[PDB]
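Heads up: the structure comes next, in structure tokens.
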Amino acid sequence: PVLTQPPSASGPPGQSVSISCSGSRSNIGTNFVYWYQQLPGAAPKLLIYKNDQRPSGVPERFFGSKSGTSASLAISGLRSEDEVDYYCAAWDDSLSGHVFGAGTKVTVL
Amino acid sequence: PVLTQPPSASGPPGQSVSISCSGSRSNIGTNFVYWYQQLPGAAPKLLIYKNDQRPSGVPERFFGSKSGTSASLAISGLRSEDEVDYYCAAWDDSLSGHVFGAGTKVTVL
Amino acid sequence: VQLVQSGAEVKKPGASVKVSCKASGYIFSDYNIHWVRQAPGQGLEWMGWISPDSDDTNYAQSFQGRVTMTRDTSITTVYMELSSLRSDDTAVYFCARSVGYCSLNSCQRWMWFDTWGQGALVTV
Amino acid sequence: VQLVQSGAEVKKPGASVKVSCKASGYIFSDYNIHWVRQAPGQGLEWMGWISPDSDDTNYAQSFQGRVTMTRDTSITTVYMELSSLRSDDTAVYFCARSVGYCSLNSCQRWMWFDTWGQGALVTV
Amino acid sequence: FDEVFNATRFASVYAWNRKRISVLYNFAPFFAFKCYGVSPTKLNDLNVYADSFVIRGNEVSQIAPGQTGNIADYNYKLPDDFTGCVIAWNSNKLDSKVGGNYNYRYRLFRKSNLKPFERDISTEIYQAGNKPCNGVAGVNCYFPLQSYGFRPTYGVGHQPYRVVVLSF
Amino acid sequence: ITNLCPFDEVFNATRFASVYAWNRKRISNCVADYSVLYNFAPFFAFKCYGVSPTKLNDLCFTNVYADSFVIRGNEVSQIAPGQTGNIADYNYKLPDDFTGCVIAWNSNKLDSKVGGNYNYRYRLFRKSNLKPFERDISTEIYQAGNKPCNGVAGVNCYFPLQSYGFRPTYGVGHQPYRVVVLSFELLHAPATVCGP
Ligand SMILES: *[C@@H]1O[C@H](CO)[C@@H](O)[C@H](O)[C@H]1NC(C)=O
Ligand SMILES: *[C@@H]1O[C@H](CO)[C@@H](O)[C@H](O)[C@H]1NC(C)=O
């Protein structure tokens with residue numbers, strides 16, 4: 001009962017590419033999912049919380065949402081900042097603990 | 001109104017020649033302008049769109065911009081392929097039509 | 001893209017002529033087609049556009065009772081008719097594919113043509 | 001707000017790990033401090049939080065009886081220990097402060113780790 | 001009375017404690033001490049259930065015999081006939097802290113109004129459409145529980161008022 | 001009116017008005033059901049303020065107002081009471097008190113022409129904020145400096161309306177979401193639009 005997501009999605013610079021994240025009944029679609037962006041060799045920070053808000057300082061181009069039992073985050077423009085790791089974090093009720101994604105790497109094309 | 005522009009361009013080949021396209025306030029200054037050239041017995045082809053960009057394929061040696069009611073086009077060097085007539089076009093709300101220039105025939109010296 | 005339109009035949013005034021534009025290589029229902037003519041002694045003159053998904057078209061304030069513009073879906077060709085033609089209509093006819101998609105009169109400021117076509121001679 | 005972890009230190013197998021992180025610049029008693037670990041090259045994994053106004057240290061099912069968790073509010077730090085570390089536990093450990101404060105099991109849907117301390121890697 | 005009034009932990013709204021059964025004025029001043037049937041002055045000259053929970057300061061007036069509202073018709077409905085007291089006092093330096101308190105949840109959506117003196121500790125997803133949402137709380141399908149975090153920045157009408165309804 | 005209210009005309013219309021000139025359709029003197037609106041695509045945001053979307057049928061009103069426009073994915077959350085944004089302040093101001101529903105769903109199959117659909121625009125720059133539930137059409141240049149530009153597309157003076165085409169190559173954040181706003185009001189007149 002752990003979140004799964006593709007290891008890497010490739011997109012050309014200048015427009016948007018999407019990172020998908022699919023979960024079970026007790027992981028996604030019952031609880032909120034949060035997105036963490038990890039700079040290389042540093043502590044990961046907030047990227048997307050509660051699926052339609054953003055923390056202050058984040059530019060208004062990171063749009064993540066969920067519809068059913070899966071969630072997708074769309075990142076627009078890949079120049080020098082989105083070549084990092086994106087984690088899919090949500091609360092698991094059955095195991096009574098936070099569980100995380102495998103770790104998605106985004107590279108330019 | 002109707003776009004106006006000189007019918008002849010005077011200049012020896014090998015250097016820069018500037019041509020202008022004059023209109024009115026309801027024609028230019030609210031809407032963008034575009035440039036076309038008409039080959040002998042052939043369809044017009046694009047030169048400048050959004051008043052400062054060049055499409056993929058055209059030479060990068062052509063520079064044009066608008067400074068007010070009139071718009072100025074600057075060409076670099078006169079070859080035989082540059083000897084065709086150059087046209088100026090834009091859009092105006094007051095007549096609900098695409099107004100076009102009269103034409104500029106350029107001849108080498 | 002490929003944009004070739006059929007030729008025309010010289011006609012006598014007081015008759016109707018059909019000029020047909022053929023489109024290929026792209027999706028015919030997702031672009032606009034404009035009609036522009038070249039007569040000697042003057043520059044390009046603009047008439048109107050057809051949206052190939054419905055009947056909504058637009059004309060010019062000069063060509064109102066002389067041009068009727070209709071579309072087709074199975075052949076993907078646009079048919080334009082000239083009615084009550086006079087001696088001032090001696091021109092070759094260009095059908096131009098315009099990038100984007102506009103259907104209002106406040107939209108055309110971003111409407112720059114993409115590909116034109118070889119003309120067809122029309123003479124009085 | 002800043003959280004400062006302890007330094008890196010290698011420990012032999014069969015020993016304990018003394019890793020600590022210090023909170024400073026905010027009200028210590030009003031924010032839960034979770035713990036998040038990271039194996040080098042794998043994803044993230046969870047450890048369990050601390051309610052720093054009482055003694056309620058919930059843990060995950062994979063580390064139910066292998067960890068020892070202690071609050072030291074006299075020196076405003078939070079300690080933790082590992083019992084019988086193996087080569088599978090060679091990783092880096094973050095401590096993170098979630099916004100708000102709840103110590104129940106069914107309240108973590110409104111819990112995201114806002115600020116994270118620096119890493120301190122431990123090996124075999 | 002010392003076990004239920006000074007208790008360190010107060011339960012949330014939807015799952016309230018029911019403790020079976022000194023002086024009561026030795027606490028913080030009371031927001032509302034309005035006994036029904038019996039009078040507070042003749043109470044000391046005169047089966048006791050002690051139900052305690054926490055309420056947002058706006059919704060304290062909803063704890064009364066026979067009136068609707070939000071939590072009243074979904075979480076804790078008093079019967080039409082009542083013989084007990086309601087004791088609501090301030091609690092701002094205990095149950096409120098910066099960043100919010102995400103413990104004291106309340107049930108917001110339910111199928112219908114509940115019977116008097118009833119609690120229901122459930123979380124199954126409410127269905128607000130026609131598609132049967134078995135486990136997906138997506139669009140037009142919402143989770144029942146909702147938490148109002150308590151901040152010292154908030155005004156008087158949003159502080160957590162610890163309350164007890166000493167139903168005789 | 002003995003048949004259903006024409007919500008099929010406002011939902012299944014072949015074209016939608018743009019943001020800067022959003023439509024205001026009135027439904028009155030018609031028996032309403034509110035039971036056929038879930039037959040469309042799964043909505044991206046079907047959220048009602050004030051009246052829950054379950055007691056719509058048995059609650060009885062006096063007038064129904066429908067607003068209809070199309071917006072990008074990045075600004076769906078801006079359409080909300082007490083929200084600050086590019087459409088939330090300059091194009092469509094929803095009041096803090098709002099009793100109704102907002103319905104936003106995906107239409108990236110017939111409302112997005114490849115190569116660009118410039119038919120929809122929004123207003124970027126304005127002299128001030130916008131009063132709630134108000135619309136306006138501007139065809140004159142907006143200045144931002146200390147000189148009256150008065151109709152020349154030059155420096156520090158710009159056209160207000162900006163278009164935004166929907167190519168199918170775009171991601172979720174820039175697809176055309178069709179959004180309608182159903183608005184109700186208090187009982188100040190005898191009720192006519194009512195459940196069956
Ligand atoms: C509440 O409990 C604490 C800790 O036992 C005690 O110090 C305090 O006096 C008690 N207060 C009352 C009024 O019950
Ligand atoms: C919308 O109109 C189309 C075309 O007539 C029809 O196929 C479809 O069933 C209609 N949908 C709704 C929701 O009315």
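Identifiers in the structure tokens: chain A, B, ... in order shown; residue index from 1 per chain; ligand index from 1 in order shown.
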Report the Cα RMSD between chain B and chain A after least-squares superposition, pairing every C-alpha atom in order. 0.8 Å
Distance limit 7 Å, reference ligand 1, atoms considered: only C-alpha atoms and all ligand atoms. Which residues make the cut? Give them as a ChimeraX atom specification. /E:2,5-6,26-27
Please identify every residue of chain F that has at least one atom no more than 9 Å from any atom of chain A, counting only C-alpha atoms, and report them as a PyMOL selection string. chain F and resi 42-44+73-74+77+169-174
Would you list the residues that come within 10 Å of ligand 2? Count only C-alpha atoms and all ligand atoms and give the answer as a ChimeraX atom specification. /F:7-14,36-41
Written file, previous selection with N, CA and C atoms, as a PDB file, in the first residue's frame:
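Dumped to part.pdb:
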ATOM      1  N   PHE F   7     -31.641  24.635 -18.776  1.00  0.00           N
ATOM      2  CA  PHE F   7     -30.239  24.508 -18.401  1.00  0.00           C
ATOM      3  C   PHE F   7     -29.423  23.780 -19.458  1.00  0.00           C
ATOM      4  N   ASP F   8     -30.073  23.016 -20.339  1.00  0.00           N
ATOM      5  CA  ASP F   8     -29.368  22.434 -21.473  1.00  0.00           C
ATOM      6  C   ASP F   8     -28.906  23.495 -22.461  1.00  0.00           C
ATOM      7  N   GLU F   9     -29.610  24.625 -22.540  1.00  0.00           N
ATOM      8  CA  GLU F   9     -29.197  25.699 -23.432  1.00  0.00           C
ATOM      9  C   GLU F   9     -27.972  26.432 -22.897  1.00  0.00           C
ATOM     10  N   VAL F  10     -27.859  26.563 -21.573  1.00  0.00           N
ATOM     11  CA  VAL F  10     -26.730  27.289 -20.999  1.00  0.00           C
ATOM     12  C   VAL F  10     -25.527  26.379 -20.767  1.00  0.00           C
ATOM     13  N   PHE F  11     -25.729  25.063 -20.691  1.00  0.00           N
ATOM     14  CA  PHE F  11     -24.621  24.138 -20.483  1.00  0.00           C
ATOM     15  C   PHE F  11     -24.102  23.562 -21.796  1.00  0.00           C
ATOM     16  N   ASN F  12     -25.002  23.096 -22.660  1.00  0.00           N
ATOM     17  CA  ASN F  12     -24.632  22.465 -23.922  1.00  0.00           C
ATOM     18  C   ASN F  12     -24.651  23.449 -25.086  1.00  0.00           C
ATOM     19  N   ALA F  13     -24.372  24.722 -24.822  1.00  0.00           N
ATOM     20  CA  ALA F  13     -24.268  25.702 -25.893  1.00  0.00           C
ATOM     21  C   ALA F  13     -23.025  25.436 -26.732  1.00  0.00           C
ATOM     22  N   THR F  14     -23.132  25.696 -28.037  1.00  0.00           N
ATOM     23  CA  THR F  14     -22.017  25.434 -28.940  1.00  0.00           C
ATOM     24  C   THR F  14     -20.885  26.441 -28.781  1.00  0.00           C
ATOM     25  N   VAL F  36     -30.890  17.145 -13.757  1.00  0.00           N
ATOM     26  CA  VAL F  36     -30.041  16.817 -14.893  1.00  0.00           C
ATOM     27  C   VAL F  36     -28.966  17.889 -15.077  1.00  0.00           C
ATOM     28  N   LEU F  37     -27.869  17.721 -14.347  1.00  0.00           N
ATOM     29  CA  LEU F  37     -26.628  18.413 -14.642  1.00  0.00           C
ATOM     30  C   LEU F  37     -25.412  17.544 -14.360  1.00  0.00           C
ATOM     31  N   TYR F  38     -25.603  16.305 -13.914  1.00  0.00           N
ATOM     32  CA  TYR F  38     -24.514  15.366 -13.686  1.00  0.00           C
ATOM     33  C   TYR F  38     -24.257  14.472 -14.889  1.00  0.00           C
ATOM     34  N   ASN F  39     -25.009  14.651 -15.974  1.00  0.00           N
ATOM     35  CA  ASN F  39     -24.845  13.852 -17.180  1.00  0.00           C
ATOM     36  C   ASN F  39     -23.658  14.294 -18.023  1.00  0.00           C
ATOM     37  N   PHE F  40     -22.998  15.386 -17.655  1.00  0.00           N
ATOM     38  CA  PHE F  40     -21.853  15.896 -18.391  1.00  0.00           C
ATOM     39  C   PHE F  40     -20.584  15.175 -17.939  1.00  0.00           C
ATOM     40  N   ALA F  41     -19.429  15.725 -18.308  1.00  0.00           N
ATOM     41  CA  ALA F  41     -18.151  15.165 -17.913  1.00  0.00           C
ATOM     42  C   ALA F  41     -17.955  15.307 -16.404  1.00  0.00           C
TER      43      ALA F  41
END
Residues of chain D no more than 8 Å from chain E, counting only C-alpha atoms: send them over as a ChimeraX atom specification. /D:30-31,99-104,107,110
Filtering to N, CA, C and O atoms, could you give me those residues as a compact mmCIF listing (two decimals), in the first residue's frame?
# COMPACT_ATOMS: atom_id res chain seq x y z
N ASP D 30 4.71 24.18 20.65
CA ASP D 30 3.49 24.32 19.87
C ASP D 30 3.61 23.75 18.45
O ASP D 30 2.79 24.09 17.59
N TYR D 31 4.60 22.90 18.19
CA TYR D 31 4.75 22.36 16.84
C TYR D 31 5.31 20.94 16.91
O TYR D 31 6.34 20.71 17.55
N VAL D 99 3.35 22.11 10.32
CA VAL D 99 2.56 23.25 10.80
C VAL D 99 1.40 22.74 11.65
O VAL D 99 0.88 21.64 11.44
N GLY D 100 1.00 23.55 12.61
CA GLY D 100 -0.03 23.12 13.53
C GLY D 100 0.50 22.10 14.52
O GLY D 100 1.70 21.89 14.67
N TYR D 101 -0.44 21.44 15.19
CA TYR D 101 -0.09 20.46 16.21
C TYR D 101 -1.29 19.56 16.45
O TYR D 101 -2.34 20.03 16.90
N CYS D 102 -1.15 18.27 16.14
CA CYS D 102 -2.13 17.30 16.59
C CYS D 102 -1.41 16.00 16.88
O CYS D 102 -0.46 15.64 16.19
N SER D 103 -1.87 15.30 17.92
CA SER D 103 -1.24 14.06 18.34
C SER D 103 -2.13 12.85 18.15
O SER D 103 -1.72 11.73 18.50
N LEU D 104 -3.33 13.02 17.62
CA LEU D 104 -4.17 11.87 17.33
C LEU D 104 -3.68 11.15 16.08
O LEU D 104 -2.87 11.67 15.31
N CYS D 107 -5.57 12.64 12.30
CA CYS D 107 -5.54 14.08 12.07
C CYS D 107 -4.44 14.48 11.11
O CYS D 107 -4.26 15.69 10.88
N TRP D 110 -4.12 16.97 7.55
CA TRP D 110 -3.79 18.39 7.54
C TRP D 110 -2.39 18.63 8.08
O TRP D 110 -2.13 19.61 8.77
Just the residues within 12 Å of residue 139 (chain E), please, counting only C-alpha atoms, with nothing from its chain fewer than 3 positions along; format it as a PyMOL selection string. (chain A and resi 29-30+65-69) or (chain E and resi 125-133+136+142-143) or (chain F and resi 38+41-48+53+103-105)
Could you dump the residues just selected with N, CA, C and O atoms as a compact mmCIF listing (two decimals), in the first residue's frame?
# COMPACT_ATOMS: atom_id res chain seq x y z
N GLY A 29 -7.48 10.09 -2.61
CA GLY A 29 -8.92 10.15 -2.74
C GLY A 29 -9.67 10.02 -1.44
O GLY A 29 -10.91 10.04 -1.45
N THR A 30 -8.97 9.87 -0.32
CA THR A 30 -9.59 9.92 1.00
C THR A 30 -8.82 10.95 1.82
O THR A 30 -9.39 11.62 2.69
N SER A 65 -3.20 18.49 -9.22
CA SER A 65 -4.59 18.21 -8.89
C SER A 65 -4.82 16.71 -8.87
O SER A 65 -4.04 15.94 -9.44
N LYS A 66 -5.89 16.30 -8.20
CA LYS A 66 -6.34 14.92 -8.20
C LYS A 66 -7.83 14.86 -8.51
O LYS A 66 -8.59 15.78 -8.18
N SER A 67 -8.23 13.79 -9.19
CA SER A 67 -9.63 13.60 -9.55
C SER A 67 -10.23 12.35 -8.92
O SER A 67 -11.26 12.44 -8.25
N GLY A 68 -9.61 11.19 -9.11
CA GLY A 68 -10.10 9.96 -8.53
C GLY A 68 -9.16 9.39 -7.49
O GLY A 68 -9.00 9.97 -6.41
N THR A 69 -8.54 8.26 -7.81
CA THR A 69 -7.55 7.64 -6.95
C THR A 69 -6.12 7.93 -7.39
O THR A 69 -5.19 7.27 -6.92
N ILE E 125 -17.16 8.21 3.54
CA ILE E 125 -17.26 9.41 2.73
C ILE E 125 -18.71 9.71 2.39
O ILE E 125 -19.45 8.83 1.91
N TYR E 126 -19.14 10.94 2.66
CA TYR E 126 -20.48 11.38 2.32
C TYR E 126 -20.66 11.44 0.81
O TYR E 126 -19.75 11.86 0.08
N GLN E 127 -21.83 11.03 0.34
CA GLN E 127 -22.17 11.08 -1.08
C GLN E 127 -23.10 12.26 -1.32
O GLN E 127 -24.21 12.30 -0.78
N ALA E 128 -22.64 13.22 -2.12
CA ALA E 128 -23.40 14.44 -2.39
C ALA E 128 -23.85 14.53 -3.85
O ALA E 128 -24.22 15.61 -4.31
N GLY E 129 -23.81 13.42 -4.57
CA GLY E 129 -24.26 13.37 -5.95
C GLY E 129 -25.10 12.13 -6.20
O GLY E 129 -25.83 11.66 -5.33
N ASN E 130 -24.99 11.62 -7.43
CA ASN E 130 -25.66 10.39 -7.81
C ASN E 130 -24.71 9.23 -8.07
O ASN E 130 -25.14 8.07 -7.97
N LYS E 131 -23.45 9.50 -8.39
CA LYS E 131 -22.47 8.44 -8.54
C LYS E 131 -22.09 7.88 -7.17
O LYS E 131 -21.79 8.66 -6.26
N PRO E 132 -22.11 6.56 -6.99
CA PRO E 132 -21.76 6.00 -5.68
C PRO E 132 -20.27 6.09 -5.39
O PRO E 132 -19.46 5.34 -5.95
N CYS E 133 -19.89 7.01 -4.50
CA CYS E 133 -18.49 7.17 -4.09
C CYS E 133 -18.22 6.16 -2.98
O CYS E 133 -18.50 6.42 -1.81
N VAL E 136 -13.77 7.13 -2.82
CA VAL E 136 -13.13 8.25 -3.48
C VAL E 136 -13.85 9.52 -3.06
O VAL E 136 -15.02 9.72 -3.40
N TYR E 142 -17.33 14.41 -0.45
CA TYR E 142 -16.50 15.11 0.53
C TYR E 142 -16.36 14.30 1.81
O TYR E 142 -17.24 13.53 2.19
N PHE E 143 -15.21 14.48 2.47
CA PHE E 143 -14.98 13.84 3.75
C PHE E 143 -15.83 14.51 4.83
O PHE E 143 -16.01 15.73 4.82
N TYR F 38 -25.60 16.30 -13.91
CA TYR F 38 -24.51 15.37 -13.69
C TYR F 38 -24.26 14.47 -14.89
O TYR F 38 -23.37 13.62 -14.83
N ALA F 41 -19.43 15.73 -18.31
CA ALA F 41 -18.15 15.17 -17.91
C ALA F 41 -17.96 15.31 -16.40
O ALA F 41 -18.60 16.14 -15.76
N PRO F 42 -17.11 14.47 -15.80
CA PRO F 42 -16.75 14.66 -14.39
C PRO F 42 -16.12 16.02 -14.16
O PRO F 42 -15.09 16.35 -14.75
N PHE F 43 -16.76 16.81 -13.30
CA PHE F 43 -16.38 18.20 -13.12
C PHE F 43 -15.02 18.32 -12.45
O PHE F 43 -14.65 17.51 -11.60
N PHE F 44 -14.27 19.35 -12.84
CA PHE F 44 -13.02 19.64 -12.16
C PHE F 44 -13.26 20.33 -10.83
O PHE F 44 -12.51 20.12 -9.87
N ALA F 45 -14.31 21.16 -10.74
CA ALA F 45 -14.63 21.85 -9.49
C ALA F 45 -16.13 22.15 -9.49
O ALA F 45 -16.57 23.07 -10.18
N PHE F 46 -16.88 21.37 -8.72
CA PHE F 46 -18.32 21.57 -8.54
C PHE F 46 -18.54 21.93 -7.08
O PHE F 46 -18.75 21.07 -6.23
N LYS F 47 -18.48 23.23 -6.78
CA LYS F 47 -18.48 23.68 -5.39
C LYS F 47 -19.57 24.72 -5.18
O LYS F 47 -19.66 25.68 -5.93
N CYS F 48 -20.38 24.53 -4.14
CA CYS F 48 -21.46 25.45 -3.82
C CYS F 48 -21.25 26.08 -2.46
O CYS F 48 -20.88 25.41 -1.49
N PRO F 53 -25.29 21.20 -2.47
CA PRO F 53 -25.83 20.66 -3.72
C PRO F 53 -26.54 19.32 -3.55
O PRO F 53 -26.33 18.39 -4.32
N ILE F 103 -19.36 25.76 -11.23
CA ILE F 103 -19.15 24.49 -11.91
C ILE F 103 -18.10 24.70 -12.99
O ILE F 103 -18.34 25.44 -13.95
N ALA F 104 -16.95 24.05 -12.85
CA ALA F 104 -15.86 24.16 -13.81
C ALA F 104 -15.48 22.77 -14.28
O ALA F 104 -15.14 21.91 -13.45
N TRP F 105 -15.51 22.54 -15.59
CA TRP F 105 -15.19 21.24 -16.14
C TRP F 105 -14.34 21.39 -17.40
O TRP F 105 -14.13 22.49 -17.91
